[PDB]
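Q: Take this structure, written in structure tokens, and hold onto it; I'll ask about it next.
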2 protein chains.
Amino acid sequence: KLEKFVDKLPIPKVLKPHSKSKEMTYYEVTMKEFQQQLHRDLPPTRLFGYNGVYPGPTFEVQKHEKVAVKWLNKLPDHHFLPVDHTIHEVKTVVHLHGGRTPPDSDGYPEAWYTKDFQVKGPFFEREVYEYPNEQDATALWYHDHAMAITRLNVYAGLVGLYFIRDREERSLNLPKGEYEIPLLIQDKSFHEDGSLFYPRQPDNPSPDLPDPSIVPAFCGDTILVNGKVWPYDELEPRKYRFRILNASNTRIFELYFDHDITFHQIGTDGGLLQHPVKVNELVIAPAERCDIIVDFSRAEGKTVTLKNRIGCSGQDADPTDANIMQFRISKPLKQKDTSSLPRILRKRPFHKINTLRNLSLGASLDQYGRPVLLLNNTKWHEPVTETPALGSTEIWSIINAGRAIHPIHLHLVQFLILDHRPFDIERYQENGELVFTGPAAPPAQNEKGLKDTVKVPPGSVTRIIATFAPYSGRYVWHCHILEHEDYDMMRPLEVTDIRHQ
Amino acid sequence: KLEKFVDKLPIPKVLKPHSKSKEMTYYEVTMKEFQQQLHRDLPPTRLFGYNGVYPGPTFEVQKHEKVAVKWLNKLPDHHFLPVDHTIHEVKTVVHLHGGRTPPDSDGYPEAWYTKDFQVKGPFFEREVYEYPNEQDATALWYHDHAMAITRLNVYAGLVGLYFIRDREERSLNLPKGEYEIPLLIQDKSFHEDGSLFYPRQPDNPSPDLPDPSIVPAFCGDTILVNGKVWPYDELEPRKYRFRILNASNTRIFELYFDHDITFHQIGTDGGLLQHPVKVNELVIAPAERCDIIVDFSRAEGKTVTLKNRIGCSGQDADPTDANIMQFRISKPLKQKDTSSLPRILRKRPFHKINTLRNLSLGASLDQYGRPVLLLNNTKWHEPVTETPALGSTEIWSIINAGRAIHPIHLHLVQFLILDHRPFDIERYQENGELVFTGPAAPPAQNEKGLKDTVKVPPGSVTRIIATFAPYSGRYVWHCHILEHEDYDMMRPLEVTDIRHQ
Ligand SMILES: [Cu+2]
Ligand SMILES: [Cu+2]
Ligand SMILES: [Cu+2]
Ligand SMILES: [Cu+2]
Ligand SMILES: [Cu+2]
Ligand SMILES: [Cu+2]
Ligand SMILES: [Cu+2]
Ligand SMILES: [Cu+2]
């Protein structure tokens, strides 16, 4: 179903502010319900989107630029996706993923609000968010974060891009303009209606199981890029810059080109790497970003398809979800490609270690027999335990006793991945003891940079180092598989300033 | 007991040939029983060694140098280590690990011989081996390979070094002379006698168990380097070249320095890399080699200890086997360090791909209840199945359904590690179908060179690609955990020439 590579790759328009001064740059974005055609042969798709478009408008901000956004809710009173009323209306709150944001503008899950702020969550306090943008140039993105329905609102189309620029990044003569292309890759499933399909219950729903019921994992049979089903793009035989983002609910990608063409990765979630990394395949979990350079100069006239290697459970991808999009190197070379792939990308490096933390990834069963994925076997309602001090540098040991990868995400900060190491699963479930069973392995070279989301392998412990700065207050950390996050792999993160005790 | 860092680090003497001409360089090495003091506070240890020294003499050969060695057996009638007479006297045959050697001089396990060639194995042919040395510069090593008792003869002390030199390697101004130090690392256990300890049976043997009985794994409590228990070495504050080798029976090391000093790996088992790789920790399984450069120039007066992170089952090392040796940067800098750490090492890179092979790692139980580790669930007695054609390129998929790492080693060839990928263990032990459960991962950057031994992770499939050239005939491939190789993880490898039908 759905013929591949018939629609052209859409580029989200750069959002224009309502007012821009030397003090502040003020934006207004509204969440509206609408229809949008996602494939040449599909009927329009009912979606929740920012400024009536999917994906939302793209923010272009600068370092130090004080940006203010008023996120307006104009969505209906009822959701068009199956809402599980038993895990915790259309509630909305906007979170800038990876943004160095004070807690009052970070998009707390319980700071949600309905249309026109008429019904507010218990943590609501502001209608106009402010982003100081005191972080280095990188690729961020914004999406909904309302509690218990984050999997639905994000899947409904509430995602958008957000770029930060530096004088350091611009000093690098990188492919810019039309030669910098963002790839917001997502997976979805459609009815014959053309509308989104999201399961109401697991496969064989028992009678007394709640209806609707949250599923432990969802992944669609159709791959989209920038809101277009298996699109295509006509490029020039030169160097391009791809800002790749995986905004799926669950699906992990393993991207590769069907020709002998290599990705040159120059940046991660947090910003630029120190030197480019020559990689043939990109393993990108949900919410992970990859800043890559691709050279098509030796490929004039060829048809290069961006491919995916793995399915939803890590198996070999079917030659339907094995396709991302198709590049056709047929556009004539306008000007000479004078863009650069410099050997050095940063110069500047990325302490005392004040705190150590052990955090377990697991699951429990509720009264209906559903798996409840948990952080430290602790529900979201429970009191806060991850309480780092303002300015503290900590090493988090993330212990994955599950069957598959968990992409764990921390708010506010950008961390570094230390190493992965396997441990004894049986000893861990019977004793709580962490006995290692193999040598430690550093992260891949293209994951040595600043990141806010890390793939924690199954049966292994992932160590990250993080400096909780420069804002104190209430944040959260969670797994970015939204089906896990909503029930209930999410926990509060309280950064505390110390002054007089 | 055994105080650490009280004996100086021995350097094995280079072996002098008996006769050297334009045609051939002829050597003679004898295996003799002798006693050698391995620690300052240990009585001399009974050993089997080449030329009455442990480790054996070091060969220094050239590329294209036709080297001939006549390995002579002068060993006693009785082996001092416990011999299992149920798995398949002092039988000996010398194998040049990693050498591009014709089969008649490769050291086939059943080409063994007793003292003065009295009794000869069923595959014996010649007394003088010839090594054409038509391969690039690398660090090899020679050790005993007699069938059913390879774990005993190697543990008895029948190991030695063998270096090949190139004009390419020499063109690199690498640290040479006394500033190139080989680190032959091993582990052993000692009786109060000072003699070697090696278990006769597993821990709790039923009376139905044979006596002696092979164990699935042995690792000693004491770490040796170049035949000296926890030695030390006084170095100058400059760059050194370490040719590290793991010659243990089973133990896998994770080497690191207790100071902020980085390994710059320049070569692997098969020879030089293309570019140096900055690594903080070296994971070296048995038979693996690591050519690394260490810069001590900023450590004048410091005491730098080479440490080991992991133990026998991959757990955290005990602060006794966590120590390898101690480097004391106290020798004054003689001459100015003019050696080079060049950014380019090889220039020239490392085909059609004719054959694909799936090879499983597992274990069965014999009549006595002992685990029998097997390749393709097939005994060594059984007919040969790995029959590549001369000059053909193959991709071997090594499927490890076991609990721990298996260092799989192939003879004759040097291969390139493609990737690792997890699979479903439970589905694999039911219908034998291979279902992957995660993304593929390329090898670490410092394991991208030519290799002849690869760490196959548990629950993962390690893909290797090899070209079987230029000698046809009978070789073997096996796991280099000697307790596994002897019972019975060793299978024949037949390279067949084709020319007429
Ligand atoms: Cu996010
Ligand atoms: Cu976030
Ligand atoms: Cu998860
Ligand atoms: Cu979040
Ligand atoms: Cu060997
Ligand atoms: Cu070998
Ligand atoms: Cu093994
Ligand atoms: Cu061998």
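Naming scheme: A, B, ... for chains in displayed order of the structure tokens; residues 1 onward per chain; ligands 1 onward as shown.
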Could you list, as a ChimeraX atom specification, all protein and nucleic acid residues with an atom at most 7 Å from ligand 1, counting only C-alpha atoms and all ligand atoms?
A: /A:97,143,287,480
Q: With only C-alpha atoms and all ligand atoms counted, collect every polymer residue having an atom within 12 Å of ligand 2; state the result as an MDAnalysis selection string.
A: chainID A and resid 94:101 103 105:109 140:145 269:270 286:288 407:414 451:453 475:480 482 485 490 493
Q: Please report as a ChimeraX atom specification which residues of chain B come no farther than 10 Å from chain A, using only C-alpha atoms.
A: /B:252-254,279-284,309-316,403-405,421-424,434-445,457-458
Q: As number ranges by chain, list the residues of segment 110-186 of chain B assigned to strand (DSSP E or B) by DSSP on the backbone atoms of this structure.
A: B: 113, 120, 129-131, 138-144, 159-165, 180-186
Q: Export, as an mmCIF file, in the first residue's frame, the selected residues with N, CA, C and O atoms.
A:
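Heads up, here's the output in part_0.cif:
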data_model
loop_
_atom_site.group_PDB
_atom_site.id
_atom_site.type_symbol
_atom_site.label_atom_id
_atom_site.label_comp_id
_atom_site.auth_asym_id
_atom_site.auth_seq_id
_atom_site.Cartn_x
_atom_site.Cartn_y
_atom_site.Cartn_z
ATOM 1 N N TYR B 113 54.431 -34.561 18.004
ATOM 2 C CA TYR B 113 55.541 -35.494 18.109
ATOM 3 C C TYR B 113 56.051 -35.472 19.540
ATOM 4 O O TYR B 113 55.950 -34.455 20.232
ATOM 5 N N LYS B 120 55.000 -40.009 16.547
ATOM 6 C CA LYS B 120 54.528 -38.922 15.702
ATOM 7 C C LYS B 120 53.019 -39.019 15.534
ATOM 8 O O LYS B 120 52.467 -40.118 15.414
ATOM 9 N N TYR B 129 60.142 -26.682 9.909
ATOM 10 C CA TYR B 129 59.103 -25.816 9.373
ATOM 11 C C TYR B 129 59.735 -24.666 8.601
ATOM 12 O O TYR B 129 60.845 -24.226 8.908
ATOM 13 N N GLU B 130 59.016 -24.182 7.590
ATOM 14 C CA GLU B 130 59.465 -23.056 6.782
ATOM 15 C C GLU B 130 58.376 -21.996 6.743
ATOM 16 O O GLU B 130 57.217 -22.301 6.444
ATOM 17 N N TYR B 131 58.751 -20.758 7.043
ATOM 18 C CA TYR B 131 57.817 -19.634 7.045
ATOM 19 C C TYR B 131 58.213 -18.643 5.962
ATOM 20 O O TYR B 131 59.245 -17.958 6.100
ATOM 21 N N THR B 138 53.929 -7.086 11.514
ATOM 22 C CA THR B 138 52.977 -7.222 12.608
ATOM 23 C C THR B 138 53.678 -7.928 13.759
ATOM 24 O O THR B 138 54.853 -8.295 13.666
ATOM 25 N N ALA B 139 52.944 -8.118 14.850
ATOM 26 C CA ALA B 139 53.431 -8.837 16.021
ATOM 27 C C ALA B 139 52.717 -10.182 16.082
ATOM 28 O O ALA B 139 51.511 -10.239 16.345
ATOM 29 N N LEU B 140 53.455 -11.257 15.827
ATOM 30 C CA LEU B 140 52.938 -12.607 15.963
ATOM 31 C C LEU B 140 53.482 -13.237 17.239
ATOM 32 O O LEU B 140 54.182 -12.599 18.032
ATOM 33 N N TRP B 141 53.166 -14.514 17.434
ATOM 34 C CA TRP B 141 53.710 -15.268 18.551
ATOM 35 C C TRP B 141 53.510 -16.748 18.275
ATOM 36 O O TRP B 141 52.590 -17.139 17.552
ATOM 37 N N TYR B 142 54.392 -17.565 18.844
ATOM 38 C CA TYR B 142 54.356 -19.004 18.647
ATOM 39 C C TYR B 142 54.108 -19.705 19.975
ATOM 40 O O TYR B 142 54.558 -19.253 21.032
ATOM 41 N N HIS B 143 53.381 -20.816 19.907
ATOM 42 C CA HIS B 143 53.018 -21.569 21.098
ATOM 43 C C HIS B 143 52.680 -22.992 20.683
ATOM 44 O O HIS B 143 52.483 -23.287 19.502
ATOM 45 N N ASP B 144 52.610 -23.873 21.677
ATOM 46 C CA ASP B 144 52.291 -25.266 21.410
ATOM 47 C C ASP B 144 50.842 -25.408 20.960
ATOM 48 O O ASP B 144 49.967 -24.626 21.342
ATOM 49 N N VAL B 159 55.396 -20.559 25.225
ATOM 50 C CA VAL B 159 54.988 -19.372 24.485
ATOM 51 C C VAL B 159 56.226 -18.541 24.178
ATOM 52 O O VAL B 159 57.214 -18.565 24.917
ATOM 53 N N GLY B 160 56.162 -17.801 23.075
ATOM 54 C CA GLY B 160 57.254 -16.937 22.665
ATOM 55 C C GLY B 160 56.754 -15.931 21.657
ATOM 56 O O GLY B 160 55.654 -16.059 21.114
ATOM 57 N N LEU B 161 57.582 -14.922 21.404
ATOM 58 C CA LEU B 161 57.216 -13.825 20.522
ATOM 59 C C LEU B 161 57.882 -13.970 19.158
ATOM 60 O O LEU B 161 58.899 -14.650 19.000
ATOM 61 N N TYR B 162 57.287 -13.306 18.168
ATOM 62 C CA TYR B 162 57.713 -13.432 16.775
ATOM 63 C C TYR B 162 57.282 -12.159 16.059
ATOM 64 O O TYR B 162 56.088 -11.966 15.816
ATOM 65 N N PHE B 163 58.240 -11.297 15.731
ATOM 66 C CA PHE B 163 57.958 -10.014 15.104
ATOM 67 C C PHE B 163 58.360 -10.037 13.636
ATOM 68 O O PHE B 163 59.420 -10.560 13.279
ATOM 69 N N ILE B 164 57.505 -9.465 12.791
ATOM 70 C CA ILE B 164 57.784 -9.275 11.373
ATOM 71 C C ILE B 164 57.935 -7.781 11.119
ATOM 72 O O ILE B 164 57.179 -6.972 11.671
ATOM 73 N N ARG B 165 58.914 -7.415 10.293
ATOM 74 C CA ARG B 165 59.220 -6.021 10.006
ATOM 75 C C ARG B 165 59.003 -5.724 8.526
ATOM 76 O O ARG B 165 59.135 -6.607 7.672
ATOM 77 N N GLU B 180 61.014 0.195 22.441
ATOM 78 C CA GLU B 180 59.940 -0.723 22.089
ATOM 79 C C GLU B 180 59.988 -1.886 23.070
ATOM 80 O O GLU B 180 60.966 -2.641 23.093
ATOM 81 N N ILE B 181 58.944 -2.021 23.879
ATOM 82 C CA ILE B 181 58.893 -3.002 24.954
ATOM 83 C C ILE B 181 57.718 -3.937 24.697
ATOM 84 O O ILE B 181 56.572 -3.484 24.630
ATOM 85 N N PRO B 182 57.943 -5.239 24.543
ATOM 86 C CA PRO B 182 56.818 -6.168 24.399
ATOM 87 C C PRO B 182 56.271 -6.587 25.755
ATOM 88 O O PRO B 182 57.022 -6.863 26.694
ATOM 89 N N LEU B 183 54.945 -6.631 25.852
ATOM 90 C CA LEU B 183 54.252 -6.965 27.096
ATOM 91 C C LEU B 183 53.455 -8.249 26.881
ATOM 92 O O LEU B 183 52.277 -8.209 26.516
ATOM 93 N N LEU B 184 54.104 -9.390 27.108
ATOM 94 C CA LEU B 184 53.435 -10.689 27.054
ATOM 95 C C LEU B 184 52.787 -10.927 28.412
ATOM 96 O O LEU B 184 53.455 -11.312 29.375
ATOM 97 N N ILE B 185 51.478 -10.701 28.491
ATOM 98 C CA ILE B 185 50.741 -10.736 29.749
ATOM 99 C C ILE B 185 50.059 -12.089 29.889
ATOM 100 O O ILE B 185 49.449 -12.589 28.935
ATOM 101 N N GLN B 186 50.158 -12.681 31.079
ATOM 102 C CA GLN B 186 49.536 -13.962 31.380
ATOM 103 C C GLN B 186 49.074 -13.964 32.831
ATOM 104 O O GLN B 186 49.425 -13.082 33.620
#
Q: Mind checking which residues fall within 8 Å of segment 375-382 of chain A, counting only C-alpha atoms, ignoring those fewer than 2 positions away in the same chain, and posting them as number ranges by chain?
A: A: 359-364, 373, 384, 478, 488-492
Q: For atom CA of residue 338 of chain A and atom CA of residue 275 of chain B, quote the distance in Å rounded to one decimal.
A: 27.4 Å
Q: Give me, please, the distance in Å between atom CA of residue 27 of chain A and atom CA of residue 126 of chain A, quoted to one decimal.
A: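 According to the coordinates, atom CA of residue 27 of chain A and atom CA of residue 126 of chain A are separated by 14.6 Å.
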Q: Neighbours of residue 226 of chain B within 12 Å (only C-alpha atoms; same-chain residues fewer than 2 positions away dropped), as a ChimeraX atom specification?
A: /B:7-13,38-39,53-58,157,159-161,181-187,223-224,228-233,243-248,324-325
Q: Write a file of the selected residues as a compact mmCIF listing (two decimals), in the first residue's frame, keeping N, CA and C atoms.
A:
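Saved the output as out_14.txt:
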# COMPACT_ATOMS: atom_id res chain seq x y z
N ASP B 7 60.17 -7.17 41.18
CA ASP B 7 61.06 -7.74 40.18
C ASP B 7 61.05 -6.87 38.93
N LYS B 8 62.22 -6.71 38.32
CA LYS B 8 62.32 -5.93 37.10
C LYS B 8 61.69 -6.68 35.93
N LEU B 9 61.19 -5.92 34.96
CA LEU B 9 60.50 -6.49 33.81
C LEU B 9 61.50 -7.15 32.86
N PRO B 10 61.42 -8.46 32.65
CA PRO B 10 62.36 -9.11 31.74
C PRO B 10 62.03 -8.80 30.29
N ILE B 11 63.07 -8.70 29.48
CA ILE B 11 62.94 -8.57 28.03
C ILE B 11 63.48 -9.85 27.40
N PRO B 12 62.66 -10.63 26.70
CA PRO B 12 63.17 -11.85 26.06
C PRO B 12 64.25 -11.53 25.04
N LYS B 13 65.35 -12.28 25.11
CA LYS B 13 66.45 -12.09 24.17
C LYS B 13 66.00 -12.45 22.76
N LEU B 38 59.99 -17.07 39.11
CA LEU B 38 59.04 -16.13 38.53
C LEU B 38 58.72 -14.95 39.44
N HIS B 39 59.04 -15.04 40.74
CA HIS B 39 58.87 -13.93 41.65
C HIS B 39 60.02 -13.94 42.65
N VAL B 53 63.87 -21.30 28.51
CA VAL B 53 63.59 -19.95 29.00
C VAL B 53 62.10 -19.67 28.85
N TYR B 54 61.53 -18.99 29.84
CA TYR B 54 60.12 -18.62 29.83
C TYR B 54 59.99 -17.11 29.99
N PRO B 55 59.45 -16.38 29.00
CA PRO B 55 58.97 -16.86 27.69
C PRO B 55 60.11 -17.31 26.80
N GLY B 56 59.81 -17.91 25.65
CA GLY B 56 60.83 -18.34 24.73
C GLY B 56 61.53 -17.18 24.06
N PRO B 57 62.59 -17.46 23.31
CA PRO B 57 63.29 -16.40 22.60
C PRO B 57 62.39 -15.70 21.59
N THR B 58 62.76 -14.47 21.26
CA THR B 58 61.97 -13.63 20.36
C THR B 58 62.57 -13.68 18.96
N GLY B 157 54.38 -23.03 29.82
CA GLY B 157 55.35 -22.00 29.51
C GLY B 157 55.83 -22.02 28.07
N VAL B 159 55.40 -20.56 25.23
CA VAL B 159 54.99 -19.37 24.48
C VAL B 159 56.23 -18.54 24.18
N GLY B 160 56.16 -17.80 23.07
CA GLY B 160 57.25 -16.94 22.67
C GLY B 160 56.75 -15.93 21.66
N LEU B 161 57.58 -14.92 21.40
CA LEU B 161 57.22 -13.83 20.52
C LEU B 161 57.88 -13.97 19.16
N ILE B 181 58.94 -2.02 23.88
CA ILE B 181 58.89 -3.00 24.95
C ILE B 181 57.72 -3.94 24.70
N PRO B 182 57.94 -5.24 24.54
CA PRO B 182 56.82 -6.17 24.40
C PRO B 182 56.27 -6.59 25.75
N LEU B 183 54.95 -6.63 25.85
CA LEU B 183 54.25 -6.96 27.10
C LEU B 183 53.46 -8.25 26.88
N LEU B 184 54.10 -9.39 27.11
CA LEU B 184 53.43 -10.69 27.05
C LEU B 184 52.79 -10.93 28.41
N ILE B 185 51.48 -10.70 28.49
CA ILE B 185 50.74 -10.74 29.75
C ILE B 185 50.06 -12.09 29.89
N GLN B 186 50.16 -12.68 31.08
CA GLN B 186 49.54 -13.96 31.38
C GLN B 186 49.07 -13.96 32.83
N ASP B 187 48.28 -14.98 33.18
CA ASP B 187 47.85 -15.19 34.56
C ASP B 187 48.12 -16.63 34.95
N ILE B 223 49.13 -12.25 38.16
CA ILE B 223 49.35 -11.70 36.83
C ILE B 223 50.85 -11.62 36.57
N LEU B 224 51.28 -12.12 35.41
CA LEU B 224 52.67 -12.10 35.00
C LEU B 224 52.82 -11.31 33.71
N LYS B 228 57.33 -12.68 34.59
CA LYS B 228 57.64 -12.17 35.92
C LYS B 228 56.36 -11.72 36.61
N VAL B 229 56.17 -12.17 37.85
CA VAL B 229 54.98 -11.82 38.61
C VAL B 229 54.99 -10.34 38.95
N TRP B 230 53.90 -9.63 38.58
CA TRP B 230 53.67 -8.21 38.81
C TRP B 230 54.96 -7.40 38.77
N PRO B 231 55.65 -7.34 37.64
CA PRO B 231 56.98 -6.73 37.60
C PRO B 231 56.89 -5.21 37.58
N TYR B 232 58.06 -4.58 37.54
CA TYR B 232 58.15 -3.14 37.36
C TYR B 232 59.24 -2.85 36.34
N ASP B 233 59.22 -1.62 35.81
CA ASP B 233 60.20 -1.21 34.82
C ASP B 233 60.45 0.28 34.98
N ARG B 243 54.24 -3.62 22.57
CA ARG B 243 53.65 -4.69 21.78
C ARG B 243 52.97 -5.64 22.76
N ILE B 244 51.71 -5.35 23.07
CA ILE B 244 50.99 -6.07 24.11
C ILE B 244 50.42 -7.36 23.54
N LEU B 245 50.48 -8.43 24.34
CA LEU B 245 49.93 -9.72 23.96
C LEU B 245 49.27 -10.37 25.17
N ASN B 246 48.07 -10.90 24.98
CA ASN B 246 47.38 -11.68 26.00
C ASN B 246 47.60 -13.16 25.68
N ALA B 247 48.47 -13.80 26.44
CA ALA B 247 48.77 -15.22 26.28
C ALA B 247 48.20 -16.06 27.42
N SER B 248 47.12 -15.58 28.03
CA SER B 248 46.43 -16.35 29.05
C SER B 248 45.64 -17.49 28.42
N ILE B 324 48.68 -5.06 36.63
CA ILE B 324 49.46 -5.76 35.61
C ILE B 324 50.93 -5.57 35.93
N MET B 325 51.42 -4.34 35.81
CA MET B 325 52.79 -4.01 36.18
C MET B 325 52.87 -2.51 36.43
Q: Hey, what does DSSP flag as alpha helix (DSSP H) within segment 73-281 of chain A? Can you give it to me as a list in words?
A: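 Residues meeting the alpha helix (DSSP H) criterion: residues 150, 151, 152, 153, 154, 155, 167, 168, 169, 170 and 171 of chain A.
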Q: Would you list the contacts of residue 188 of chain B as an mmCIF file with C-alpha atoms, in the first residue's frame, taking every protein, DNA or RNA residue within 8 Å and counting only C-alpha atoms, but skipping same-chain residues closer than 5 positions in sequence?
A:
data_model
loop_
_atom_site.group_PDB
_atom_site.id
_atom_site.type_symbol
_atom_site.label_atom_id
_atom_site.label_comp_id
_atom_site.auth_asym_id
_atom_site.auth_seq_id
_atom_site.Cartn_x
_atom_site.Cartn_y
_atom_site.Cartn_z
ATOM 1 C CA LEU B 196 52.399 -24.176 38.765
ATOM 2 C CA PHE B 197 48.906 -24.965 40.002
ATOM 3 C CA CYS B 219 42.175 -18.217 35.453
ATOM 4 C CA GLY B 220 45.015 -17.745 37.885
ATOM 5 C CA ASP B 221 45.117 -15.360 40.810
ATOM 6 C CA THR B 222 48.516 -13.904 39.824
ATOM 7 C CA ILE B 223 49.353 -11.699 36.827
ATOM 8 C CA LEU B 224 52.670 -12.096 35.000
#
Q: Grab the atom CA of residue 50 of chain A to atom CA of residue 4 of chain A distance for me, in Å with one decimal place.
A: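 It comes out at 26.7 Å.
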Q: Smallest atom-to-atom distance to ligand 8: which of B:110, B:18, B:217, B:31, using only C-alpha atoms and all ligand atoms?
A: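 That would be B:110, the residue with the smallest distance to ligand 8.
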Q: Please, which residues have at least one atom within 6 Å of an atom of ligand 3, using only C-alpha atoms and all ligand atoms, listed as a compact mmCIF listing (two decimals) with N, CA, C and O atoms, in the first residue's frame?
A:
# COMPACT_ATOMS: atom_id res chain seq x y z
N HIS A 406 16.21 1.25 26.04
CA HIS A 406 15.43 2.37 26.54
C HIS A 406 16.18 3.66 26.23
O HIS A 406 17.31 3.86 26.71
N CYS A 479 12.18 7.99 30.06
CA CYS A 479 12.41 7.33 28.79
C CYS A 479 11.58 8.01 27.71
O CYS A 479 10.42 8.35 27.93
N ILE A 481 10.49 6.80 24.89
CA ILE A 481 9.45 6.00 24.26
C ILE A 481 8.13 6.42 24.90
O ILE A 481 7.86 6.09 26.06
N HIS A 484 6.08 4.27 26.93
CA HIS A 484 6.66 4.00 28.25
C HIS A 484 6.53 5.21 29.17
O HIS A 484 6.21 5.06 30.36
Q: Compare A:388, A:371, A:175, A:267 by their minimum atom-to-atom distance to residue 473 of chain A, counting only C-alpha atoms, and give me the closest one.
A: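 Result for the nearest residue to residue 473 of chain A: A:388.
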Q: So which residues touch residue 71 of chain A within 8 Å, counting only C-alpha atoms, skipping near sequence neighbours fewer than 2 positions away, as an MDAnalysis selection string?
A: chainID A and resid 28:31 69 73 93:94 127:129
Q: Just the residues within 12 Å of residue 392 of chain A, please, counting only C-alpha atoms, with nothing from its chain fewer than 6 positions along; format it as a list in words.
A: residues 351, 352, 353, 354, 355, 356, 413, 465, 466, 467, 468, 469, 470, 471, 472, 495, 496, 497 and 498 of chain A
